[PDB]
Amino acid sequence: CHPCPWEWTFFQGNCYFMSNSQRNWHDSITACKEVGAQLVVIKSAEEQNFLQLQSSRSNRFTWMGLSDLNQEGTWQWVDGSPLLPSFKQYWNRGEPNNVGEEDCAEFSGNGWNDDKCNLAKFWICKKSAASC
């Protein structure tokens, strides 16, 4: 037994998967579901701080489970939870700007950015760690 599957990352009881391939936002949701996970939903500042660091180090644009697809300007996580006021400090200066219609969020540099959902980027899946 192992708390997390091979190649996954463990942080505070959860296992994360930083993909090595790219998909568009919608296809990233599916990829995670197939492996019993979910396109990463950030529940705490600590989590955010941990993922932001790994992502900036990866030097890769990465999708998170966040979007304003149903209602422009209103950011909602894929689990259904809404984006809280304390998390809005993480958008990159000048973001989100919806330039060209960007309804999906990604880790970019030191913060978040909204981009076209049909673009292919890397993604992070999240699921509970196994205790044993």
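Don't overthink the numbering: it's just position in the shown sequence, from 1.
Mean C-alpha B-factor is higher over 46-54 than over the other stretch, the pair under comparison being 46-54 and 23-31. Annotation for 79-87 versus 32-40: the higher mean temperature factor (C-alpha) is found in 79-87.
Placement of the Cα temperature factor of residue 101 within the chain: highest third of the modelled residues, per the deposited record. Among the modelled residues of its chain, residue 74 has a C-alpha B-factor that falls in the middle third according to the deposited record.
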